[PDB]
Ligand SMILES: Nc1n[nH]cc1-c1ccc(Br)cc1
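Single chain ahead, written as structure tokens, the form solved without 4-(4-bromophenyl)-1H-pyrazol-3-amine.
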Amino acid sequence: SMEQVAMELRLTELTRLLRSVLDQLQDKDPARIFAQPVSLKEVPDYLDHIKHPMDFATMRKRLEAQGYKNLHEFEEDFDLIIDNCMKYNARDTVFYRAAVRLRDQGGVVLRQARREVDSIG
């Protein structure tokens, strides 16, 4: 149908906007602490601690399959990256501190993204 196509152009454009959001958030992680999944070879107990692991590469795979239906879904995954880290790692660690800084800096980007998603529809 023509409606299915219109719907698909919307999803494509949301994907476009989320790709730019993802790039901006990932720039706030210059140390690349959150770039890839936590290695189960190197942290064998990780899944005993963290039930839903997340990282920027895994988000990017979902993004490119148009797997985010709305900004809320994408923010959920971003928040997992931060929240998982702040639980697994102690306060006095470079990892925990990196997550705090990503959260604080990401806030600004996400605030305008919400406005853009509502505005452009």
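Note that residue numbering follows the sequence shown and begins at 1.
Higher mean CA temperature factor, per the PDB entry, when comparing 36-44 with 92-100: 36-44. For the pair 72-80 and 58-66, the mean B factor over Cα atoms is greater in 58-66.
Quick note: we don't show the form solved in complex with 4-(4-bromophenyl)-1H-pyrazol-3-amine, though the next part is all about it.
A heavy atom within 4.5 Å of 4-(4-bromophenyl)-1H-pyrazol-3-amine in the entry with it bound is found for one listed residue only; from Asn89, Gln66, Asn70, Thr58, this is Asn89.
Using a 4.5 angstroms threshold between heavy atoms, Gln26 stays clear of 4-(4-bromophenyl)-1H-pyrazol-3-amine in the entry with it bound. With contact defined as any non-hydrogen atom lying within 4.5 angstroms of 4-(4-bromophenyl)-1H-pyrazol-3-amine in the entry with it bound, the contacting residues in 74-104 are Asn84, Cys85, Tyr88, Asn89, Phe95, given in sequence order.
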